[PDB]
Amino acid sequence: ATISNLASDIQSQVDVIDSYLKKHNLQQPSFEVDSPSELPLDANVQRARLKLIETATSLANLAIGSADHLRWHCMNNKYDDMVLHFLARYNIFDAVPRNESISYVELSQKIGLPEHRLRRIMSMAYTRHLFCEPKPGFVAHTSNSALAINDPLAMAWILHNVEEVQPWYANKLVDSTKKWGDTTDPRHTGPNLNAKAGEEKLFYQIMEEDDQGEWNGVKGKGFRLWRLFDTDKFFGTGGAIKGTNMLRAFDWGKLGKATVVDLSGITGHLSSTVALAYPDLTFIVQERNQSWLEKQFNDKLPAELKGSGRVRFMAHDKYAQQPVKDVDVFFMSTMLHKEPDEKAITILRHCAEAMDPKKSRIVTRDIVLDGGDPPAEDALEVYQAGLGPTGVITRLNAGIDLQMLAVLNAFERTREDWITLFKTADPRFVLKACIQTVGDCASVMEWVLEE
């Protein structure tokens, strides 16, 4: 890399994107409040976008240079997360009006944060194009901040990472590695570094048991788990892993009228997306029960689906025998990646025992660390755009993989890992398709039992 070659590559990638936007009369992205929140899902546009992010980030890194690399990173980067901590806990996104400016004086008063401290936080936020200072003394939204107005799912993602993952798990991972070594046991995690025998706490135990708090409609026991469920929905409502990508990566219409057991769990929000598009499907969403789960599940269903039976909750232990009969599809989105081999095999064997090999299939959605195949229309540099050692999808896969490590001692898998896993569960399993849309990190994989 040289600064000139990176600049040349940037110009080539921008030209691809800008030419497409102009050809199709599409809005240009900006930092204004009503900027489009994403670029077109056209595969060549997304290929250019992923390369552009990587090339621009590399150019900034090269221009910073090696002398200021650690000096500046270890100074500044952690405060981007602390700024978000403040913005979420003082509800600054909602306090700044979407379409107007507000003085620091008035904003400080609205949120109860002393103005001098408020100014110091905002100074750092602006450097990430998070809010702006349109004139001295005043604050306004940017594209990035306005998208999070009135969005508890976004606030959940900030707070889960800054109040739970980073302090309890990531900061402690060196010490956990020194204490237990490299294991897949979710007890071998930061909160248990000094725990007595049998008094260890699992992440999911803390989530479902703590009652000292409240989050978005759930008060007391399990408020942290409900917030976690909110985070999962956040990754479905928009951005790279948006749930509608599944409709491009798998043809749900070929199933006709069919019963789908959705072992994705959570609140069935992906089942709802597919159900709205395919009225002949019934989704039975299976998850470990919580006192509040059936009520919240039902309250959050799209209005069109409430009371219809098309998407319904069924409490279920995923490690137990499957009670539903005549299942056409077992669907598991971003669920098996939390399961080390033995646990994943238990789940898959219960599914296989409930499958009619001639009629049934498993559809999973998970990271394939070395890349799924693009949709046939999009088919065809050593790596696919986004992958490779500085790729932005490599980087997102690594962030998710390290979250699995830090919180659970779980791990992401390559395509061969997935195939080996399924074949160990049942040697009749065959991978029929592994489709990753450009811009996403996850693949939709279709599995059948071939006799």
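For every residue, the number given is its place in the sequence shown, counted from 1.
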Exercise. Looking at the deposited sequence, how many residues between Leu380 and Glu381 were given no coordinates in the entry: none, 1 to 3, 4 to 9, or 10 or more?
Worked result: 10 or more
For this session: Take the C-alpha B-factors listed in the entry for 230-238 and for 244-252, compute each mean, and give the stretch with the larger one.
Result: 244-252
Seminar exercise, completed: For 416-424 versus 393-401, entry-based mean Cα B-factors point to 416-424
Exercise. From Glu199, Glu339, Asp175, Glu163, pick the one with the largest CA B-factor in the entry?
Worked result: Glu199
Exercise. Of the choices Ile347, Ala95, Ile367, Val327, which one's C-alpha carries the largest B-factor in the record?
Worked result: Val327
For this session: Give the position of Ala156 by CA B-factor within its chain, expressed as the lowest, middle or highest third.
Result: lowest
For this session: Rank-wise, by C-alpha B-factor, drop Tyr278 into the lowest, middle or highest third of its chain.
Result: highest
For this session: Sort the modelled residues of this chain by their C-alpha B factor and say whether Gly388 lands in the lowest, middle or highest third.
Result: highest
Exercise. Lowest, middle or highest third of the chain for the C-alpha temperature factor of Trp72?
Worked result: lowest
For this session: Using the B-factors in the PDB entry, rank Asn25's C-alpha atom against the chain and give the third, lowest, middle or highest.
Result: lowest
